[PDB]
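Working notes for the structure below.
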Amino acid sequence: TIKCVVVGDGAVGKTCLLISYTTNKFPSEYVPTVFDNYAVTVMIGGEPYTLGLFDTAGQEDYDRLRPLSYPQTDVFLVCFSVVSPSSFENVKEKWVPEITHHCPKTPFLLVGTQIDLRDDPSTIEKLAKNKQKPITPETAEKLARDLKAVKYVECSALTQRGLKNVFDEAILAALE
Amino acid sequence: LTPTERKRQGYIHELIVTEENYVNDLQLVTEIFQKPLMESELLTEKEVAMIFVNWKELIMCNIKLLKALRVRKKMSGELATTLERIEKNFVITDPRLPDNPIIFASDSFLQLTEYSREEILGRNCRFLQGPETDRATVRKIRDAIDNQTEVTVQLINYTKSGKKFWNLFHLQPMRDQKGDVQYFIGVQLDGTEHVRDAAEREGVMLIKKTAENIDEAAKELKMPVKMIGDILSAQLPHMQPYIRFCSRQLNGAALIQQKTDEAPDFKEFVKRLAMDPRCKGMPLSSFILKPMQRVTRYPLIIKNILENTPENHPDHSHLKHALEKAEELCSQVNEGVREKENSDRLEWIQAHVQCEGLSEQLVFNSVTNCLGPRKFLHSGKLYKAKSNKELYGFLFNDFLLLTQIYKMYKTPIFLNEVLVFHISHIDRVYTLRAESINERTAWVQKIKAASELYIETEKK
Ligand SMILES: Cc1cc2nc3c(=O)[nH]c(=O)nc-3n(C[C@H](O)[C@H](O)[C@H](O)COP(=O)(O)O)c2cc1C
Ligand SMILES: Nc1nc2c(ncn2[C@@H]2O[C@H](COP(=O)(O)OP(=O)(O)O)[C@@H](O)[C@H]2O)c(=O)[nH]1
């Protein structure tokens with residue numbers, strides 16, 4: 001069993017990508033739930049691997065409760081919304097330094113989420129009003145190198161684009 | 001159903017369902033982990049108490065909550081089975097809720113109107129009205145509701161498909177013992193024409209007598225209340241045991257991890273316990289997170305219930321106060337972890353550090369001059385340059401204490417007069433070698449931060 005922990009700012013899409021991956025469908029707004037500790041078994045090259053999925057949502061603003069989830073973690077998922085730049089800044093300013101402190105031997109991926117809103121005209125308008133632009137993959141891949149992340153991945157819990165790939169690359173990182 | 005109100009019913013559903021699963025998960029751990037380990041005798045009574053600690057106290061704490069949330073949903077279940085004996089067209093509405101929504105619809109009403117109970121509940125009965133419906137008669141119904149008095153009129157109502165039918169409709173309030181109106185009863189008697197004379201007089205008596213039975217068959221029963229914040233606001237102040245659990249759960253996880261590595265029999269024994277299909281393939285250690293995970297997810301749930309609850313809703317006053325109490329609980333628990341760790345560190349120092357050549361009796365776990373309670377920050381091996389003396393320093397929020405492998409080295413260096421590897425105190429200059437560059441970073445960053453905190457607070 002490989003323990004994977006998803007961390008990142010609030011409302012970046014941590015819970016959704018976990019639900020959308022495990023339930024193979026994006027959470028309906030009318031039927032919303034939390035994400036209990038879940039275990040999935042995927043097949044990579046004929047070899048079954050078991051992921052231990054953990055959701056740190058609701059802990060972001062609690063510094064003594066957050067690291068309780070960190071013990072025995074095999075791989076981290078540092079998340080940021082490609083639309084929210086402030087969540088992208090807290091990656092190098094908060095989350096990556098925090099997991100390096102608690103779990104220095106634990107590998108982590110750089111996960112860009114909500115990539116389906118990057119082309120959305122309505123969303124760019126709101127970002128333009130604050131003189132901000134959505135994080136391009138080229139930008140995020142630069143942060144992936146500078147923070148010594150294993151690699152960079154993008155996903156949409158809504159479109160399921162590159163969603164499977166995120167957890168697949170997560171496993172490969174925990175087998176290093 | 002508005003998208004907003006539909007989300008509310010979904011989040012209230014989430015609260016109760018996840019509570020069901022959570023209380024059940026608490027009881028699973030006790031059954032298949034705690035009790036087997038107590039009998040396994042691989043751990044002493046103290047060692048078992050170091051792991052699960054007040055798990056039992058958490059269960060009783062949430063069962064009291066779970067039963068309260070269940071009773072509210074049970075009210076609509078007990079009522080439906082009671083008013084099922086009445087095979088007449090009738091609905092029940094709640095004036096105390098926005099736009100006076102249907103909180104109950106009879107089976108007969110659903111057959112007549114061709115509607116389903118899911119497409120009706122939470123909406124005003126005005127959807128039955130249409131083109132040929134006399135708007136003047138409709139206003140006669142509105143007045144009776146505003147005037148809180150009964151009424152009996154005849155008007156054209158329409159079905160889901162649009163099939164026209166006359167409605168010998170009777171309305172009457174449902175007053176409590178105090179005398180105030182709490183609900184409305186609406187009886188429908190479908191027809192094909194506007195009944196007159198003997199046909200009308202008979203029909204009026206029928207529907208009025210019908211409403212009298214509904215008022216009696218549903219009396220003395222605490223009616224279904226469409227709100228959940230009233231419970232949470234009064235139940236959350238009793239979630240005190242969570243503060244105790246999370247503060248000591250860290251020592252428990254480290255106890256298991258230790259026992260796991262230094263005993264192969266223990267590791268296999270615990271793994272076999274987790275092979276229970278009820279565990280969904282999750283290890284014991286992950287179940288320890290659940291109490292902490294539950295309190296942190298209470299504000300998330302309540303916040304979403306609140307943001308989909310209108311201002312004029314009687315639940316908004318409770319949900320708002322409940323979210324305040326919920327977020328307080330997390331903070332108290334969050335700080336509870338910090339306080340327990342601090343006490344564990346300081347009490348360890350109190351009975352391990354000898355204080356000689358000092359004027360006053362140094363008590364570590366006490367109050368500082370301007371920062372309040374003393375807090376331990378950092379501690380590591382420190383070698384003094386040009387001397388190479390094996391020293392060991394304990395950094396606090398108010399002062400730095402240098403010891404030796406514990407016998408005190410020098411006078412406790414306060415941080416209101418310290419400077420920043422090279423550490424400077426007044427005139428005296430200290431030169432200390434760190435074990436590594438990362439440790440030299442840890443010292444400098446924390447000493448400077450603690451020094452600046454003392455100074456700025458002292459400058460008030
Ligand atoms: C318990 C109850 C049952 C009602 N049943 C009907 C009904 O069957 N047909 C109808 O046209 N109005 C019915 N009404 C009245 C409407 O719900 C609504 O109050 C009325 O049409 C006035 O609408 P307005 O406030 O938009 O003017 C009922 C009202 C109550 C309180
Ligand atoms: N378009 C889009 N929206 C998303 C996606 N993931 C999350 N969201 C939105 O983000 C909101 C909350 O995100 P959430 O999963 O709770 O993030 P978390 O708080 O970090 O766990 C939801 O209302 C979703 O509508 C995504 O992949 N695409």
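Please note that chains go A, B, ... in the order of the structure tokens, that every chain numbers its residues from 1, and that ligands are numbered from 1 in the order shown.
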
Identify, counting only C-alpha atoms and all ligand atoms, the protein, DNA and RNA residues located within 8 Å of ligand 1, and give them as a PDB file with N, CA and C atoms, in the first residue's frame.
```
ATOM      1  N   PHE B  90     -54.428  15.792   0.236  1.00  0.00           N
ATOM      2  CA  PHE B  90     -54.052  16.874   1.138  1.00  0.00           C
ATOM      3  C   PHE B  90     -52.547  17.110   1.194  1.00  0.00           C
ATOM      4  N   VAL B  91     -52.170  18.350   1.490  1.00  0.00           N
ATOM      5  CA  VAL B  91     -50.770  18.716   1.675  1.00  0.00           C
ATOM      6  C   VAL B  91     -50.598  19.489   2.978  1.00  0.00           C
ATOM      7  N   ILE B  92     -49.379  19.501   3.506  1.00  0.00           N
ATOM      8  CA  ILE B  92     -49.076  20.274   4.708  1.00  0.00           C
ATOM      9  C   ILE B  92     -47.927  21.236   4.429  1.00  0.00           C
ATOM     10  N   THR B  93     -48.108  22.501   4.797  1.00  0.00           N
ATOM     11  CA  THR B  93     -47.107  23.524   4.519  1.00  0.00           C
ATOM     12  C   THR B  93     -46.580  24.178   5.796  1.00  0.00           C
ATOM     13  N   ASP B  94     -45.373  24.733   5.717  1.00  0.00           N
ATOM     14  CA  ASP B  94     -44.729  25.360   6.868  1.00  0.00           C
ATOM     15  C   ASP B  94     -44.566  26.866   6.668  1.00  0.00           C
ATOM     16  N   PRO B  95     -45.440  27.661   7.306  1.00  0.00           N
ATOM     17  CA  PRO B  95     -45.435  29.126   7.218  1.00  0.00           C
ATOM     18  C   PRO B  95     -44.138  29.738   7.726  1.00  0.00           C
ATOM     19  N   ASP B  99     -41.585  31.298   1.754  1.00  0.00           N
ATOM     20  CA  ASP B  99     -42.568  31.054   0.696  1.00  0.00           C
ATOM     21  C   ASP B  99     -43.517  29.898   1.029  1.00  0.00           C
ATOM     22  N   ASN B 100     -43.586  29.539   2.309  1.00  0.00           N
ATOM     23  CA  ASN B 100     -44.542  28.546   2.801  1.00  0.00           C
ATOM     24  C   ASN B 100     -44.520  27.240   2.002  1.00  0.00           C
ATOM     25  N   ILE B 102     -44.339  23.166   0.850  1.00  0.00           N
ATOM     26  CA  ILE B 102     -44.983  21.906   1.192  1.00  0.00           C
ATOM     27  C   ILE B 102     -43.989  20.991   1.895  1.00  0.00           C
ATOM     28  N   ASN B 124     -44.180  26.157  -3.117  1.00  0.00           N
ATOM     29  CA  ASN B 124     -45.521  26.654  -2.829  1.00  0.00           C
ATOM     30  C   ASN B 124     -46.541  26.030  -3.775  1.00  0.00           C
ATOM     31  N   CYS B 125     -47.747  25.778  -3.271  1.00  0.00           N
ATOM     32  CA  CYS B 125     -48.761  25.036  -4.020  1.00  0.00           C
ATOM     33  C   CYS B 125     -49.371  25.832  -5.174  1.00  0.00           C
ATOM     34  N   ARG B 126     -48.788  26.984  -5.490  1.00  0.00           N
ATOM     35  CA  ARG B 126     -49.322  27.846  -6.537  1.00  0.00           C
ATOM     36  C   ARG B 126     -49.069  27.276  -7.931  1.00  0.00           C
ATOM     37  N   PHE B 127     -48.303  26.192  -8.002  1.00  0.00           N
ATOM     38  CA  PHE B 127     -47.980  25.570  -9.282  1.00  0.00           C
ATOM     39  C   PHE B 127     -49.205  24.879  -9.875  1.00  0.00           C
ATOM     40  N   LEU B 128     -50.209  24.638  -9.036  1.00  0.00           N
ATOM     41  CA  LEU B 128     -51.442  23.999  -9.477  1.00  0.00           C
ATOM     42  C   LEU B 128     -52.314  24.961 -10.277  1.00  0.00           C
ATOM     43  N   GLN B 129     -52.043  26.255 -10.137  1.00  0.00           N
ATOM     44  CA  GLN B 129     -52.845  27.280 -10.794  1.00  0.00           C
ATOM     45  C   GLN B 129     -52.472  27.424 -12.267  1.00  0.00           C
ATOM     46  N   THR B 133     -57.771  29.588 -14.060  1.00  0.00           N
ATOM     47  CA  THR B 133     -57.832  29.749 -12.612  1.00  0.00           C
ATOM     48  C   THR B 133     -58.213  31.179 -12.250  1.00  0.00           C
ATOM     49  N   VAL B 138     -57.906  33.084  -5.922  1.00  0.00           N
ATOM     50  CA  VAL B 138     -56.567  32.821  -5.407  1.00  0.00           C
ATOM     51  C   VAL B 138     -56.219  33.817  -4.306  1.00  0.00           C
ATOM     52  N   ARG B 139     -56.583  35.080  -4.517  1.00  0.00           N
ATOM     53  CA  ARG B 139     -56.318  36.120  -3.529  1.00  0.00           C
ATOM     54  C   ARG B 139     -57.143  35.907  -2.262  1.00  0.00           C
ATOM     55  N   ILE B 141     -57.461  32.963  -0.997  1.00  0.00           N
ATOM     56  CA  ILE B 141     -56.654  31.978  -0.289  1.00  0.00           C
ATOM     57  C   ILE B 141     -55.467  32.658   0.385  1.00  0.00           C
ATOM     58  N   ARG B 142     -54.862  33.610  -0.319  1.00  0.00           N
ATOM     59  CA  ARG B 142     -53.724  34.351   0.207  1.00  0.00           C
ATOM     60  C   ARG B 142     -54.085  35.091   1.486  1.00  0.00           C
ATOM     61  N   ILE B 145     -54.434  32.973   4.630  1.00  0.00           N
ATOM     62  CA  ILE B 145     -53.122  32.591   5.136  1.00  0.00           C
ATOM     63  C   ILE B 145     -52.492  33.745   5.910  1.00  0.00           C
ATOM     64  N   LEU B 155     -61.806  26.543  -7.156  1.00  0.00           N
ATOM     65  CA  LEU B 155     -61.007  27.153  -8.208  1.00  0.00           C
ATOM     66  C   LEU B 155     -60.450  26.102  -9.156  1.00  0.00           C
ATOM     67  N   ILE B 156     -60.090  26.535 -10.359  1.00  0.00           N
ATOM     68  CA  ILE B 156     -59.528  25.639 -11.360  1.00  0.00           C
ATOM     69  C   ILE B 156     -58.041  25.399 -11.125  1.00  0.00           C
ATOM     70  N   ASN B 157     -57.679  24.148 -10.866  1.00  0.00           N
ATOM     71  CA  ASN B 157     -56.276  23.776 -10.753  1.00  0.00           C
ATOM     72  C   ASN B 157     -55.865  22.857 -11.896  1.00  0.00           C
ATOM     73  N   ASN B 167     -61.344  22.370  -8.148  1.00  0.00           N
ATOM     74  CA  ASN B 167     -60.802  21.992  -6.853  1.00  0.00           C
ATOM     75  C   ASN B 167     -61.591  22.607  -5.706  1.00  0.00           C
ATOM     76  N   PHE B 169     -61.366  23.295  -2.617  1.00  0.00           N
ATOM     77  CA  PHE B 169     -60.210  23.385  -1.734  1.00  0.00           C
ATOM     78  C   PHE B 169     -60.536  23.986  -0.371  1.00  0.00           C
ATOM     79  N   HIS B 170     -60.089  23.310   0.684  1.00  0.00           N
ATOM     80  CA  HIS B 170     -60.240  23.821   2.041  1.00  0.00           C
ATOM     81  C   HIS B 170     -58.890  23.998   2.720  1.00  0.00           C
ATOM     82  N   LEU B 171     -58.713  25.156   3.342  1.00  0.00           N
ATOM     83  CA  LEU B 171     -57.483  25.488   4.041  1.00  0.00           C
ATOM     84  C   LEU B 171     -57.787  25.770   5.504  1.00  0.00           C
ATOM     85  N   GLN B 172     -56.925  25.301   6.401  1.00  0.00           N
ATOM     86  CA  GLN B 172     -57.052  25.642   7.814  1.00  0.00           C
ATOM     87  C   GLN B 172     -55.704  25.530   8.519  1.00  0.00           C
ATOM     88  N   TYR B 183     -48.473  25.351  11.134  1.00  0.00           N
ATOM     89  CA  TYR B 183     -48.635  24.667   9.854  1.00  0.00           C
ATOM     90  C   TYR B 183     -49.992  24.955   9.220  1.00  0.00           C
ATOM     91  N   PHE B 184     -50.115  24.649   7.932  1.00  0.00           N
ATOM     92  CA  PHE B 184     -51.390  24.764   7.235  1.00  0.00           C
ATOM     93  C   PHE B 184     -51.791  23.437   6.601  1.00  0.00           C
ATOM     94  N   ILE B 185     -53.075  23.108   6.697  1.00  0.00           N
ATOM     95  CA  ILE B 185     -53.614  21.903   6.080  1.00  0.00           C
ATOM     96  C   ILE B 185     -54.467  22.261   4.868  1.00  0.00           C
ATOM     97  N   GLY B 186     -54.127  21.702   3.712  1.00  0.00           N
ATOM     98  CA  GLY B 186     -54.871  21.976   2.496  1.00  0.00           C
ATOM     99  C   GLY B 186     -55.478  20.737   1.870  1.00  0.00           C
ATOM    100  N   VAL B 187     -56.801  20.619   1.950  1.00  0.00           N
ATOM    101  CA  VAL B 187     -57.505  19.457   1.411  1.00  0.00           C
ATOM    102  C   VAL B 187     -58.098  19.750   0.034  1.00  0.00           C
ATOM    103  N   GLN B 188     -57.867  18.848  -0.916  1.00  0.00           N
ATOM    104  CA  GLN B 188     -58.405  19.002  -2.262  1.00  0.00           C
ATOM    105  C   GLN B 188     -59.482  17.963  -2.557  1.00  0.00           C
TER     106      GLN B 188
END
```

Task: ligand 2 neighbours within 8 Å using only C-alpha atoms and all ligand atoms, as a PyMOL selection string - done: chain A and resi 7-17+29+55-58+113-117+155-160

Task: Who sits within 8 Å of residue 111 of chain A, only C-alpha atoms, same chain under 3 positions skipped, as a PyMOL selection string - done: chain A and resi 77-80+152-155+166

Pull the closest atom pair for each residue of chain B that gets at most 10 Å from chain A, along with the distance in Å to one decimal, counting only C-alpha atoms, ordering rows by chain and then ascending residue number, as CSV.
```
residue,atom,partner,partner_atom,distance
B:3,CA,A:30,CA,7.8
B:4,CA,A:30,CA,8.9
B:5,CA,A:30,CA,9.3
B:6,CA,A:30,CA,6.1
B:7,CA,A:30,CA,4.7
B:8,CA,A:30,CA,8.1
B:9,CA,A:30,CA,8.0
B:10,CA,A:31,CA,5.3
B:11,CA,A:32,CA,6.5
B:12,CA,A:32,CA,9.8
B:13,CA,A:31,CA,8.4
B:14,CA,A:33,CA,5.7
B:15,CA,A:33,CA,8.5
B:17,CA,A:33,CA,9.1
B:18,CA,A:34,CA,7.8
B:21,CA,A:36,CA,9.4
B:22,CA,A:36,CA,9.2
B:246,CA,A:65,CA,7.9
B:247,CA,A:64,CA,9.2
B:249,CA,A:68,CA,8.6
B:250,CA,A:68,CA,7.0
B:253,CA,A:71,CA,8.4
B:254,CA,A:71,CA,8.9
B:257,CA,A:72,CA,9.0
B:279,CA,A:38,CA,9.7
B:280,CA,A:39,CA,7.0
B:281,CA,A:39,CA,6.3
B:282,CA,A:39,CA,6.6
B:283,CA,A:1,CA,9.1
B:285,CA,A:72,CA,9.3
B:286,CA,A:37,CA,7.2
B:287,CA,A:37,CA,8.1
B:288,CA,A:68,CA,9.4
B:289,CA,A:69,CA,6.8
B:290,CA,A:36,CA,8.1
B:292,CA,A:65,CA,7.2
B:293,CA,A:58,CA,8.0
B:294,CA,A:58,CA,9.4
B:295,CA,A:58,CA,8.9
B:296,CA,A:58,CA,5.2
B:297,CA,A:58,CA,5.7
B:298,CA,A:58,CA,8.6
B:299,CA,A:58,CA,7.9
B:300,CA,A:58,CA,6.6
B:301,CA,A:34,CA,8.6
B:304,CA,A:32,CA,9.7
B:330,CA,A:62,CA,7.9
B:331,CA,A:62,CA,7.5
B:333,CA,A:65,CA,8.2
B:334,CA,A:64,CA,5.5
B:335,CA,A:64,CA,7.3
B:336,CA,A:64,CA,8.7
B:337,CA,A:64,CA,6.1
B:338,CA,A:64,CA,6.5
```

Task: Interatomic distance, atom CA of residue 386 of chain B to atom CA of residue 431 of chain B (Å, one decimal) - done: 8.4 Å

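Of note, atom CA of residue 106 of chain B and atom CA of residue 89 of chain B are spaced 6.3 Å apart.
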
- [ ] Write down as a ChimeraX atom specification the residues belonging to segment 273-317 of chain B that are assigned alpha helix (DSSP H) by DSSP computed on the backbone.
- [x] /B:273,284-287,289-296,298-306,316-317

TODO: Find the distance between atom CA of residue 392 of chain B and atom CA of residue 411 of chain B and write it in Å to one decimal.
DONE: 13.8 Å

- [ ] Please run DSSP on the backbone and report, as number ranges by chain, all residues within segment 89-123 of chain A that come out as strand (DSSP E or B).
- [x] A: 108-113

Task: Residue among A:44, A:147, A:124, A:109 lying closest to residue 170 of chain A, counting only C-alpha atoms - done: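 Nearest to residue 170 of chain A: A:109.
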
Task: Top pick for closest residue to residue 100 of chain A, considering A:81, A:87, A:123, A:73 and counting only C-alpha atoms - done: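 Between A:81, A:87, A:123, A:73, the residue approaching residue 100 of chain A most closely is A:73.
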
Open item on the list: Report as a PyMOL selection string all protein, DNA and RNA residues lying within 12 Å of residue 267 of chain B, evaluated on only C-alpha atoms, omitting residues in the same chain fewer than 3 positions from it.
Closed with: chain B and resi 42+256-264+270-274+283-285

Open item on the list: Which residue is closest to residue 78 of chain B? Choose from B:379, B:452, B:221, B:206 and count only C-alpha atoms.
Closed with: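 Residue with the minimum atom-to-atom distance to residue 78 of chain B: B:221.
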